[PDB]
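Q: Structure incoming, see below.
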Amino acid sequence: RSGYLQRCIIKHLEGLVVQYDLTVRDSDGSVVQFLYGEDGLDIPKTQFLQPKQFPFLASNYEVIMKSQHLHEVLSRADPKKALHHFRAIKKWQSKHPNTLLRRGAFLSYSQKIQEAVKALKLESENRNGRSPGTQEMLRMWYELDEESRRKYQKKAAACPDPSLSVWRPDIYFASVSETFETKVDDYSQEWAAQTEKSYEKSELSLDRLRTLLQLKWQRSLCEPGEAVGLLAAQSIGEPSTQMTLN
Amino acid sequence: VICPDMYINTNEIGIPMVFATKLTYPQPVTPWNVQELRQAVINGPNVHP
Amino acid sequence: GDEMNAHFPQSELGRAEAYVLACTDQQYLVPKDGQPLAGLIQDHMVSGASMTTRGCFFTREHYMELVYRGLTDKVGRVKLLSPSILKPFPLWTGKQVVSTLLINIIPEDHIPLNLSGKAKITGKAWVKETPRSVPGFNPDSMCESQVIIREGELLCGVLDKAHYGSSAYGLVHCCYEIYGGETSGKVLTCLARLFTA
Amino acid sequence: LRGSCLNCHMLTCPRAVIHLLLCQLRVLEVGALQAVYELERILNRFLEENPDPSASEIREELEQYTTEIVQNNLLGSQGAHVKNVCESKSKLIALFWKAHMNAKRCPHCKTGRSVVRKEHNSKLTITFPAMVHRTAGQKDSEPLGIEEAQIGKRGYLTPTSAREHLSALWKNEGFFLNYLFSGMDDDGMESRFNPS
Amino acid sequence: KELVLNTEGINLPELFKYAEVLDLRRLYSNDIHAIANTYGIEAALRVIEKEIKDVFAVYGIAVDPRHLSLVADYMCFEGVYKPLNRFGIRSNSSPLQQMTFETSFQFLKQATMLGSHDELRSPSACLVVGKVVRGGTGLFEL
Amino acid sequence: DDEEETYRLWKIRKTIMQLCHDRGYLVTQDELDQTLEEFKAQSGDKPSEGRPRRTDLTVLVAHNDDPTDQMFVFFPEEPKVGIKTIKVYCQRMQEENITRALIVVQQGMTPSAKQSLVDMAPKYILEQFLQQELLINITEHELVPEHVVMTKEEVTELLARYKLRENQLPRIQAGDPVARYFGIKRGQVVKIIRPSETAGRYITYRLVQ
Amino acid sequence: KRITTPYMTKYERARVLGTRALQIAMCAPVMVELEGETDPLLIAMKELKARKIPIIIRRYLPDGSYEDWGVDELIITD
Amino acid sequence: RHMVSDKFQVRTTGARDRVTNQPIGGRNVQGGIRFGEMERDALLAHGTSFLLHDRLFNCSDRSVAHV
């Protein structure tokens with residue numbers, strides 16, 4: 001039974017070649033997606049990047065640095081964007097507790113002037129598209145000076161779009177995804193404070209570690225060239241064959 | 001047909017004499033590959049290599 | 001009883017794409033999830049658990065014998081080690097032995113490597129009834145359940161199914177990730193040979 | 001042939017949907033999608049234009065969008081060929097076949113249209129319609145011929161009669177069946193299709 | 001510990017009448033179509049993936065959550081929800097891979113009635129013509 | 001049953017406030033977060049308050065563009081709305097010169113009314129909305145992403161970056177409830193911020209078709 | 001700049017080492033002094049690590065427009 | 001006993017088919033290999049064209065034709 005299921009599923013998607021734009025395309029100039037799965041990682045060693053496999057590249061550091069030839073690659077990458085961009089994102093998140101909330105131009109302004117317009121007793125007819133203590137402020141905002149307007153309408157736009165989205169992680173250094181920068185940051189401020197309060201011979205600084213993990217990331221992305229469609233075809237084909245436990 | 005045996009590599013299979021003797025590979029004889037292809041044209045299809 | 005098809009490329013192109021694109025050396029793991037595919041075989045695992053355990057004393061000539069048997073002569077100048085114990089006769093220990101295979105098999109360029117993971121047999125596989133009631137010491141550390149390889153010289157603990165086996169966080173597992181493929185494959189074959197001889 | 005008519009020799013579907021799908025196909029001939037979806041709010045009629053029109057809907061939206069998409073770097077003498085257009089064209093030609101097989105009566109002349117049957121040895125047969133069609137057609141020329149017979153008028157249709165039938169069909173609807181039979185632009189051949 | 005009840009059957013519009021004793025935000029159907037028209041397509045995905053996962057999960061197998069989030073954004077990228085045994089794969093630029101699928105004649109007929117000039121990127125086309133193809137090794141030359 | 005009728009009225013009022021704000025038209029914060037029992041102050045009983053048009057919030061003004069446009073909200077009472085009311089508010093809109101209106105029924109709408117919409121459409125785009133469609137949001141839900149509508153300059157920056165055609169973007173017909181929730185028509189692109197768990201927070205451009 | 005990455009794509013190194021073992025297999029000048037083993041599969045490491053590769057790699061961008069890359073410009077590394 | 005006749009098969013060059021110019025099988029005139037549906041699907045699957053161009057094109061039925 002599971003064999004016949006494999007043979008049915010073998011009639012499948014065939015021609016999905018990840019082009020040199022690092023967006024998974026198809027045979028016919030079509031663009032089926034933008035970033036494989038999440039991006040790049042076909043789980044070649046993704047069993048090894050994220051989880052608790054750092055206390056192994058903490059040791060063995062120097063080989064993983066030299067053999068990887070970091071100086072051989074520092075003059076062909078700029079680690080600038082990934083810092084400013086991430087710091088701005090950090091600030092945005094630190095000041096915006098619950099992003100999941102309607103917030104616009106003068107919503108905050110209304111929360112602010114609500115105390116005043118509740119103070120003043122400006123009542124009228126429930127006329128068209130409003131209540132009494134509303135229409136007045138609705139007009140007030142018009143003759144407001146554009147300075148407070150600009151002040152508010154600055155803090156209205158999103159924490160900017162993801163790093164991976166604007167910076168293609170092949171060219172630009174240190175293009176980590178959100179739930180992995182949290183991981184490297186986790187371990188940074190979780191080991192240093194550990195080792196200093198440990199015996200700590202450990203010749204290594206809190207930035208070589210960062211550069212190292214980032215190079216392992218950039219290394220672990222799947223090169224253009226491999227047709228991902230057949231990959232998925234087999235990867236569902238194997239449980240299509242392994243269905244036979246029952 | 002195949003058999004479970006040890007003395008070959010996990011990255012190497014040992015072929016019997018029939019397929020190692022009959023099957024060949026082409027190469028123009030340059031001043032550097034002389035001895036190998038010479039002994040090959042010496043032995044031929046009866047003895048390996 | 002199933003069959004097997006053999007093939008040989010006429011040009012260097014197919015040959016080399018079989019050498020490297022199709023090999024088990026740099027395709028050592030399963031890219032479906034990133035765990036090894038060509039681990040070590042079971043018959044060469046009871047051997048492992050036999051040598052590397054807390055005592056198996058070889059005198060000199062035996063030591064040099066095993067080390068040459070399991071070393072696929074292509075080498076050149078072979079390195080050595082020093083007697084673990086030195087009092088009566090220059091004895092050895094098996095860990096010292098298997099370390100030699102690394103020290104000669106991990107190329108001259110780089111340096112051997114650390115690890116402190118775990119091993120399949122628990123600490124309580126050979127336990128006995130009850131200790132002389134004493135605190136301070138614990139059966140938890142200074143035990144033989146955890147390989148502690150430091151600079152390519154195993155120091156405590158057996159080699160159980162985990163490491164030479166095809167699982168995450170193994171010996172042939174990590175060798176491949178940071179050295180390349182060919183050296184991991186060489187480790188596998190030579191270690192198996194020692195384990196048979 | 002099952003989607004056709006016998007009296008007027010046209011398709012069983014009305015001419016309005018045929019013309020609408022003709023415009024839709026001429027759009028698909030480069031591959032446009034958003035314009036396929038935006039043409040539907042407007043209806044289509046015969047090829048004519050005049051200043052200050054009456055209450056009617058035009059077709060030259062087709063040609064103006066054609067020249068527009070040629071003007072800005074997105075149409076050449078070859079034609080565009082992508083995936084989404086392949087899905088859209090497959091689905092729309094499948095729906096045209098569905099409309100072929102989902103039409104029994106002719107809104108043009110209200111004829112009988114005796115149904116035809118296929119055979120697995122490349123043969124076609126004619127089936128005489130039921131009494132409902134003969135009584136519902138008209139007092140004028142009916143599918144019942146000038147003859148009296150018992151139940152069952154199934155007879156073999158000669159390939160010359162089917163040949164002239166498809167000949168009339170094609171000389172009528174070439175403007176649609178040429179673009180249906182030419183996925184790319186017909187600039188190099190610019191010829192008409194023959195049912196032979 | 002979000003207490004659950006166990007319903008069966010799909011009429012979403014009705015569930016709303018009870019509006020204050022349930023959590024109408026975390027609510028997904030077993031159907032892939034009842035929510036399709038009520039919420040969207042980005043609606044459909046997460047549930048498609050939940051279902052494939054669990055159908056493998058009652059045995060123990062589970063593919064990595066990258067294959068799933070691939071096979072979604074091809075079997076549904078034109079809004080509607082298509083199958084792939086024949087329907088979705090019909091959208092293949094090359095009718096020759098389909099010729100390889102089930103019956104050569106049908107998709108030869110497709111190629112003859114359509115008359116497309118294949119751009120020669122798909123594996124089927126440039127493999128049968130005799131060149132080197134974009135597959136794997138063959139995107140580039142010297 | 002009047003209880004439940006004003007219950008549904010207030011539900012609709014809240015969610016239409018939310019649709020307005022999400023649509024990007026100035027609504028003050030007190031409004032959105034308004035108690036049903038506080039809304040009970042602005043209007044009362046089922047017959048006492050005049051159900052049909054004692055609450056038509058026809059007046060909230062497009063403001064970021066220019067404080068001139070002000071879309072319309074309606075609340076008829078004939079369960080299958082005839083075309084007569086349609087001509088009534090054709091008049092009301094030509095008299096006041098607004099081109100954006102929204103309708104609400106409680107059973108549906110007569111087909112001929114929906115047709116009489118179509119021909120007046122070019123400026124008279126009056127969105128049909130069964131009361132059921134706006135029972136509760138489609139945006140407040142876990143799996144459903146958050147959309148934003150891009151301008152043509154940013155779509156242009158995109159198409160420049162990737163060097164692609166418009167026949168390669170993913171595609172969607174407007175009938176999908178989320179599409180109408182905003183009012184996108186065709187030939188527009190809405191990126192998607194759909195979260196993930198592999199890494200998270202994709203960005204993908206979808207073409208309305 | 002390039003919207004590819006200076007870095008070693010495994011398919012590139014693999015396939016072009018096949019191409020170079022082909023090169024020195026057939027009639028081809030011996031750049032690096034063949035220190036024993038005639039086979040350019042064993043001397044291919046020598047070729048590469050000595051950087052005797054004037055080979056032109058025609059990396060093809062999404063459609064048509066390509067790049068050319070001599071293998072030294074990459075990050076060939078352990 | 002032999003549960004199946006365990007004899008082997010091998011071929012490099014020799015007499016091929018007449019109308020197709022393809023290596024015949026049989027094991028008694030030194031037959032060759034067969035590539036069915038599943039092997040060709042694997043070949044579609046690996047992502048290689050040069051292998052096909054080398055085996056199916058150069059080795060199986062190479063013939064210098066003229067148009």
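Following the order of the structure tokens, first chain is A, next is B, and so on, with residues numbered from 1 inside each chain and ligands from 1 in the order they appear.
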Any idea what's packed within 12 Å of residue 30 in chain D, counting only C-alpha atoms, ignoring anything in its chain fewer than 4 positions away? Could you give it as a PyMOL selection string?
A: (chain D and resi 24-26+35-36+62+65-67+69-70+74-82+84-86+89+179+182-186) or (chain E and resi 116) or (chain F and resi 167)
Q: Hey, can you spit out that residue selection with N, CA, C and O atoms as a short mmCIF file (atom, residue, chain, number, x, y, z; two decimals), in the first residue's frame?
A:
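Printed below is result_36.cif as written:
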```
data_model
loop_
_atom_site.label_atom_id
_atom_site.label_comp_id
_atom_site.auth_asym_id
_atom_site.auth_seq_id
_atom_site.Cartn_x
_atom_site.Cartn_y
_atom_site.Cartn_z
N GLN D 24 -11.50 37.60 -24.35
CA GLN D 24 -10.71 37.05 -23.26
C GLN D 24 -9.51 36.27 -23.79
O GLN D 24 -8.40 36.38 -23.26
N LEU D 25 -9.71 35.48 -24.84
CA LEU D 25 -8.62 34.75 -25.48
C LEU D 25 -7.60 35.68 -26.11
O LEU D 25 -6.39 35.45 -25.97
N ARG D 26 -8.05 36.72 -26.82
CA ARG D 26 -7.11 37.66 -27.41
C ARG D 26 -6.29 38.35 -26.32
O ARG D 26 -5.13 38.71 -26.56
N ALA D 35 -6.32 42.43 -16.45
CA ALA D 35 -7.23 42.97 -17.45
C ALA D 35 -8.30 41.96 -17.86
O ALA D 35 -9.44 42.35 -18.12
N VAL D 36 -7.95 40.67 -17.94
CA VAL D 36 -8.99 39.64 -18.04
C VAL D 36 -10.04 39.87 -16.97
O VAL D 36 -11.24 39.86 -17.26
N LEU D 62 -10.04 46.15 -25.68
CA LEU D 62 -9.08 45.14 -26.10
C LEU D 62 -7.87 45.74 -26.79
O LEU D 62 -6.72 45.57 -26.35
N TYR D 65 -5.78 48.35 -24.67
CA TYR D 65 -4.89 47.71 -23.71
C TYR D 65 -3.76 46.97 -24.43
O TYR D 65 -2.64 46.89 -23.92
N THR D 66 -4.04 46.43 -25.62
CA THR D 66 -2.99 45.79 -26.40
C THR D 66 -1.87 46.78 -26.72
O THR D 66 -0.70 46.53 -26.42
N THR D 67 -2.23 47.92 -27.31
CA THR D 67 -1.22 48.91 -27.66
C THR D 67 -0.55 49.50 -26.42
O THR D 67 0.63 49.85 -26.45
N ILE D 69 0.07 47.83 -23.46
CA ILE D 69 1.05 46.87 -22.96
C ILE D 69 2.20 46.66 -23.94
O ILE D 69 3.30 46.29 -23.52
N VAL D 70 1.98 46.89 -25.24
CA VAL D 70 3.12 46.93 -26.16
C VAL D 70 3.98 48.17 -25.95
O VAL D 70 5.21 48.10 -26.08
N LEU D 74 6.42 45.53 -22.35
CA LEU D 74 5.82 44.28 -21.90
C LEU D 74 5.10 43.49 -22.99
O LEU D 74 4.30 42.61 -22.66
N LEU D 75 5.35 43.77 -24.27
CA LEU D 75 4.82 42.95 -25.34
C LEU D 75 5.68 43.09 -26.59
O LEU D 75 6.02 44.21 -26.99
N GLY D 76 6.05 41.96 -27.17
CA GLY D 76 6.79 41.93 -28.42
C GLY D 76 6.15 41.00 -29.44
O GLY D 76 5.10 40.42 -29.18
N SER D 77 6.78 40.85 -30.61
CA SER D 77 6.21 40.02 -31.66
C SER D 77 6.17 38.54 -31.30
O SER D 77 5.54 37.77 -32.03
N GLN D 78 6.81 38.14 -30.21
CA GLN D 78 6.83 36.74 -29.78
C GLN D 78 5.67 36.42 -28.85
O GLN D 78 4.93 35.46 -29.08
N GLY D 79 5.51 37.20 -27.79
CA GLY D 79 4.47 36.94 -26.81
C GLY D 79 5.04 36.47 -25.49
O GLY D 79 6.10 35.84 -25.45
N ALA D 80 4.35 36.77 -24.39
CA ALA D 80 4.80 36.33 -23.08
C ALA D 80 4.27 34.94 -22.77
O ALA D 80 3.19 34.54 -23.23
N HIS D 81 5.04 34.19 -21.98
CA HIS D 81 4.72 32.80 -21.66
C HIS D 81 5.19 32.53 -20.23
O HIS D 81 6.39 32.43 -19.97
N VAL D 82 4.22 32.43 -19.30
CA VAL D 82 4.50 32.26 -17.88
C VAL D 82 3.62 31.13 -17.35
O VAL D 82 2.94 30.43 -18.11
N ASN D 84 1.25 31.40 -14.51
CA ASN D 84 -0.11 31.81 -14.15
C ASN D 84 -0.99 31.90 -15.39
O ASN D 84 -2.17 31.52 -15.34
N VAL D 85 -0.45 32.37 -16.51
CA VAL D 85 -1.21 32.35 -17.76
C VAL D 85 -1.47 30.92 -18.21
O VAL D 85 -2.50 30.65 -18.84
N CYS D 86 -0.58 29.98 -17.90
CA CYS D 86 -0.83 28.60 -18.30
C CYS D 86 -2.00 28.02 -17.52
O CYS D 86 -2.90 27.39 -18.09
N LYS D 89 -5.21 29.86 -18.85
CA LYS D 89 -5.63 29.42 -20.18
C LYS D 89 -6.17 27.99 -20.13
O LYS D 89 -7.19 27.70 -20.77
N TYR D 179 -7.54 31.55 -32.82
CA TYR D 179 -6.86 31.97 -31.61
C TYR D 179 -6.92 30.90 -30.53
O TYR D 179 -6.02 30.82 -29.68
N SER D 182 -4.01 28.59 -31.44
CA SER D 182 -2.71 29.24 -31.57
C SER D 182 -2.42 29.95 -30.25
O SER D 182 -2.86 31.08 -30.03
N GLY D 183 -1.68 29.27 -29.37
CA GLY D 183 -1.35 29.85 -28.08
C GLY D 183 -0.44 31.06 -28.20
O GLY D 183 -0.55 32.01 -27.43
N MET D 184 0.49 31.03 -29.16
CA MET D 184 1.32 32.19 -29.44
C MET D 184 0.71 33.03 -30.55
O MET D 184 -0.24 32.62 -31.23
N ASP D 185 1.28 34.21 -30.74
CA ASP D 185 0.75 35.15 -31.73
C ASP D 185 1.00 34.63 -33.15
O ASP D 185 2.10 34.17 -33.47
N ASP D 186 -0.03 34.71 -33.99
CA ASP D 186 0.01 34.14 -35.33
C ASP D 186 0.49 35.18 -36.35
O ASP D 186 -0.22 35.57 -37.28
N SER E 116 2.65 26.25 -27.97
CA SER E 116 3.60 27.11 -27.27
C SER E 116 5.03 26.75 -27.64
O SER E 116 5.35 25.58 -27.85
N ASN F 167 3.08 38.92 -14.17
CA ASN F 167 2.54 37.58 -14.30
C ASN F 167 3.33 36.56 -13.49
O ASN F 167 3.35 35.37 -13.84
#
```
Q: With 12 Å as the cut-off and only C-alpha atoms counted, what is the closest atom pair between each nearby residue of chain G and chain A? Distances in Å to one decimal, ordered by chain and number, as a tab-separated table.
A:
```
residue	atom	partner	partner_atom	distance
G:1	CA	A:171	CA	9.1
G:2	CA	A:171	CA	7.8
G:3	CA	A:171	CA	6.6
G:4	CA	A:20	CA	6.3
G:5	CA	A:170	CA	5.2
G:6	CA	A:76	CA	7.3
G:7	CA	A:219	CA	8.4
G:8	CA	A:223	CA	8.4
G:9	CA	A:223	CA	5.4
G:10	CA	A:223	CA	7.3
G:11	CA	A:225	CA	7.1
G:12	CA	A:225	CA	8.8
G:13	CA	A:223	CA	11.6
G:15	CA	A:225	CA	11.5
G:58	CA	A:20	CA	11.8
G:59	CA	A:20	CA	8.1
G:60	CA	A:20	CA	7.2
G:61	CA	A:20	CA	5.3
G:62	CA	A:19	CA	5.8
G:63	CA	A:29	CA	7.8
G:64	CA	A:29	CA	11.2
G:65	CA	A:20	CA	11.0
G:66	CA	A:20	CA	9.6
G:67	CA	A:20	CA	10.2
G:72	CA	A:72	CA	11.2
G:73	CA	A:76	CA	10.1
G:74	CA	A:73	CA	9.1
G:75	CA	A:73	CA	6.7
G:76	CA	A:69	CA	8.6
G:77	CA	A:68	CA	5.6
G:78	CA	A:67	CA	4.6
```
Q: Hey, can you spit out that residue selection with C-alpha atoms as a compact mmCIF listing (two decimals), in the first residue's frame?
A:
```
# COMPACT_ATOMS: atom_id res chain seq x y z
CA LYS G 1 28.85 44.43 -7.06
CA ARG G 2 27.06 41.11 -7.63
CA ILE G 3 23.70 39.84 -6.36
CA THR G 4 25.40 36.49 -5.97
CA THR G 5 27.78 35.81 -3.12
CA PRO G 6 31.54 35.36 -3.05
CA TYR G 7 31.44 31.97 -1.33
CA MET G 8 31.97 28.39 -2.46
CA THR G 9 28.85 26.80 -3.90
CA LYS G 10 29.45 23.06 -3.56
CA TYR G 11 28.02 22.25 -6.99
CA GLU G 12 30.44 24.72 -8.58
CA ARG G 13 33.58 23.31 -6.95
CA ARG G 15 31.47 20.02 -11.16
CA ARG G 58 29.24 31.42 -16.15
CA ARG G 59 26.90 31.79 -13.19
CA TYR G 60 23.50 32.44 -14.77
CA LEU G 61 21.26 35.02 -13.06
CA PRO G 62 17.45 34.51 -13.17
CA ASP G 63 17.08 34.62 -16.96
CA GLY G 64 19.82 35.15 -19.53
CA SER G 65 22.14 37.76 -18.01
CA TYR G 66 24.93 35.89 -16.29
CA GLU G 67 28.11 36.43 -14.31
CA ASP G 72 39.99 32.21 -6.83
CA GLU G 73 37.52 35.06 -6.27
CA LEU G 74 35.53 32.75 -3.97
CA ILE G 75 35.98 31.82 -0.30
CA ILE G 76 37.22 28.27 -0.87
CA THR G 77 37.86 27.11 2.68
CA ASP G 78 37.70 24.26 5.17
```
Q: Could you tell me, as a count of residues only, which residues of chain H DSSP assigns to alpha helix (DSSP H) when given the backbone?
A: 13
Q: Please identify every residue of chain F that has at least one atom no more than 8 Å from any atom of chain A, counting only C-alpha atoms, and report them as a PyMOL selection string.
A: chain F and resi 21-22+26-30+42+55-60+162+167-170+198-204
Q: As an exercise, work out the distance from CA of residue 165 in chain D to CA of residue 1 in chain D in Å and give it to one decimal place.
A: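 We find that CA of residue 165 in chain D and CA of residue 1 in chain D lie 8.4 Å from each other.
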Q: Set the cut-off to 9 Å and count only C-alpha atoms: what are the residues of chain F that reach chain D? Output as a PyMOL selection string.
A: chain F and resi 118-119+165-171+173+185-187+207-209
Q: Those residues you just picked out, can you put them in a file as an mmCIF file, in the first residue's frame with N, CA and C atoms?
A:
```
data_model
loop_
_atom_site.group_PDB
_atom_site.id
_atom_site.type_symbol
_atom_site.label_atom_id
_atom_site.label_comp_id
_atom_site.auth_asym_id
_atom_site.auth_seq_id
_atom_site.Cartn_x
_atom_site.Cartn_y
_atom_site.Cartn_z
ATOM 1 N N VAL F 118 -24.626 47.890 -10.549
ATOM 2 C CA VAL F 118 -23.488 47.671 -11.434
ATOM 3 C C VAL F 118 -23.356 48.810 -12.433
ATOM 4 N N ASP F 119 -24.475 49.256 -12.998
ATOM 5 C CA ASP F 119 -24.399 50.241 -14.068
ATOM 6 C C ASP F 119 -24.028 51.625 -13.537
ATOM 7 N N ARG F 165 8.003 40.269 -14.105
ATOM 8 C CA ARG F 165 6.760 40.730 -14.696
ATOM 9 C C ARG F 165 5.660 40.736 -13.641
ATOM 10 N N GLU F 166 4.489 41.234 -14.018
ATOM 11 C CA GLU F 166 3.332 41.133 -13.147
ATOM 12 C C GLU F 166 2.646 39.785 -13.256
ATOM 13 N N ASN F 167 3.085 38.922 -14.173
ATOM 14 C CA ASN F 167 2.545 37.575 -14.301
ATOM 15 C C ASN F 167 3.332 36.558 -13.493
ATOM 16 N N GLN F 168 3.994 36.993 -12.435
ATOM 17 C CA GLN F 168 4.699 36.076 -11.569
ATOM 18 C C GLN F 168 4.363 36.273 -10.105
ATOM 19 N N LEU F 169 3.638 37.324 -9.751
ATOM 20 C CA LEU F 169 3.199 37.515 -8.385
ATOM 21 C C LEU F 169 2.039 36.587 -8.067
ATOM 22 N N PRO F 170 1.943 36.116 -6.826
ATOM 23 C CA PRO F 170 0.735 35.400 -6.408
ATOM 24 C C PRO F 170 -0.491 36.291 -6.545
ATOM 25 N N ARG F 171 -1.650 35.658 -6.685
ATOM 26 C CA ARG F 171 -2.821 36.333 -7.225
ATOM 27 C C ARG F 171 -4.065 36.009 -6.403
ATOM 28 N N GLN F 173 -8.543 36.946 -6.361
ATOM 29 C CA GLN F 173 -9.753 37.643 -6.768
ATOM 30 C C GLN F 173 -10.385 38.360 -5.581
ATOM 31 N N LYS F 185 -9.374 46.640 -5.641
ATOM 32 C CA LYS F 185 -10.131 46.209 -6.810
ATOM 33 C C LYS F 185 -9.363 45.235 -7.694
ATOM 34 N N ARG F 186 -8.245 45.679 -8.259
ATOM 35 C CA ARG F 186 -7.513 44.904 -9.247
ATOM 36 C C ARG F 186 -6.247 45.642 -9.638
ATOM 37 N N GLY F 187 -5.217 44.884 -9.990
ATOM 38 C CA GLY F 187 -3.975 45.511 -10.401
ATOM 39 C C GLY F 187 -3.265 46.231 -9.284
ATOM 40 N N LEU F 207 -0.841 39.971 -5.718
ATOM 41 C CA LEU F 207 -1.487 40.780 -6.739
ATOM 42 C C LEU F 207 -2.969 40.448 -6.780
ATOM 43 N N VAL F 208 -3.812 41.469 -6.646
ATOM 44 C CA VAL F 208 -5.258 41.262 -6.606
ATOM 45 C C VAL F 208 -5.701 40.902 -8.019
ATOM 46 N N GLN F 209 -6.155 39.667 -8.212
ATOM 47 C CA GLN F 209 -6.657 39.235 -9.512
ATOM 48 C C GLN F 209 -7.680 38.120 -9.367
#
```
Q: Which residues come within 7 Å of residue 99 in chain F, counting only C-alpha atoms, excluding same-chain residues fewer than 5 positions away, as an MDAnalysis selection string?
A: chainID F and resid 123:125
Q: Just the selected residues (C-alpha atoms), exported as an mmCIF file, in the first residue's frame, please.
A:
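Ended up saving to selection22.cif:
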```cif
data_model
loop_
_atom_site.group_PDB
_atom_site.id
_atom_site.type_symbol
_atom_site.label_atom_id
_atom_site.label_comp_id
_atom_site.auth_asym_id
_atom_site.auth_seq_id
_atom_site.Cartn_x
_atom_site.Cartn_y
_atom_site.Cartn_z
ATOM 1 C CA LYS F 123 -18.262 56.621 -9.352
ATOM 2 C CA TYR F 124 -21.085 55.018 -7.358
ATOM 3 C CA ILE F 125 -19.167 52.180 -5.735
#
```
Q: Could you work out how far CA of residue 199 in chain A lies from CA of residue 111 in chain C, giving the answer in Å with one decimal?
A: 24.0 Å
Q: Residues of chain C within 9 Å of chain A, using only C-alpha atoms, as a list in words?
A: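 Here is what falls inside 9 Å: residues 29, 30, 31, 32, 33, 34, 35, 110, 111, 112, 113, 114, 115, 116, 168, 169, 177, 178 and 179 of chain C.
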Q: Provide as number ranges by chain the residues of chain B at most 8 Å from chain G, counting only C-alpha atoms.
A: B: 27-28, 30, 32-33
Q: Can you write out the residues you just picked, keeping C-alpha atoms, as a PDB file, in the first residue's frame?
A:
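And here's part37.pdb as it stands now:
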```pdb
ATOM      1  CA  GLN B  27      42.333   8.371 -22.617  1.00  0.00           C
ATOM      2  CA  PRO B  28      44.766   9.838 -25.189  1.00  0.00           C
ATOM      3  CA  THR B  30      50.128  11.837 -23.115  1.00  0.00           C
ATOM      4  CA  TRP B  32      52.701  11.643 -18.473  1.00  0.00           C
ATOM      5  CA  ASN B  33      50.161   8.765 -18.403  1.00  0.00           C
TER       6      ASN B  33
END
```
Q: Write out as a PyMOL selection string the residues lying within 10 Å of range 112-116 of chain F, counting only C-alpha atoms and excluding same-chain residues fewer than 4 positions away.
A: chain F and resi 80-87+120-121+126+128
Q: Would you mind reading off the distance between CA of residue 94 in chain F and CA of residue 13 in chain F, one decimal, in Å?
A: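 Spanning CA of residue 94 in chain F to CA of residue 13 in chain F is a straight-line distance of 25.5 Å.
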Q: Using DSSP on the backbone coordinates, identify the residues of range 24-175 of chain C assigned to strand (DSSP E or B); present them as a PyMOL selection string.
A: chain C and resi 29-30+35-36
Q: Since we have the selection now, will you write its residues out, keeping C-alpha atoms, as a CSV table (one decimal), in the first residue's frame?
A:
```csv
chain,number,residue,atom,x,y,z
C,29,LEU,CA,24.2,13.0,7.0
C,30,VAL,CA,20.5,13.0,6.0
C,35,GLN,CA,21.6,13.7,11.1
C,36,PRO,CA,24.1,11.1,10.0
```
Q: Using only C-alpha atoms, which residues sit within 10 Å of range 17-21 of chain H once same-chain residues fewer than 4 positions away are excluded, as an mmCIF file with N, CA and C atoms, in the first residue's frame?
A:
```cif
data_model
loop_
_atom_site.group_PDB
_atom_site.id
_atom_site.type_symbol
_atom_site.label_atom_id
_atom_site.label_comp_id
_atom_site.auth_asym_id
_atom_site.auth_seq_id
_atom_site.Cartn_x
_atom_site.Cartn_y
_atom_site.Cartn_z
ATOM 1 N N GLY H 25 19.632 -7.872 -24.334
ATOM 2 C CA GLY H 25 19.826 -8.602 -23.091
ATOM 3 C C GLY H 25 19.908 -10.097 -23.316
ATOM 4 N N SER H 60 24.298 4.737 -25.254
ATOM 5 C CA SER H 60 23.258 3.792 -25.644
ATOM 6 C C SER H 60 23.100 3.726 -27.159
ATOM 7 N N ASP H 61 22.774 4.861 -27.790
ATOM 8 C CA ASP H 61 22.382 4.866 -29.194
ATOM 9 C C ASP H 61 23.069 5.960 -30.006
ATOM 10 N N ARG H 62 24.341 6.257 -29.740
ATOM 11 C CA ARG H 62 25.007 7.339 -30.455
ATOM 12 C C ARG H 62 25.102 7.022 -31.943
ATOM 13 N N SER H 63 24.638 7.962 -32.764
ATOM 14 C CA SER H 63 24.615 7.798 -34.214
ATOM 15 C C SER H 63 24.748 9.167 -34.860
#
```
Q: Nearest to residue 172 in chain F: which of E:20, E:78, E:54, E:119 is it, counting only C-alpha atoms?
A: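 Checking each of E:20, E:78, E:54, E:119 against residue 172 in chain F, counting only C-alpha atoms, the winner is E:78.
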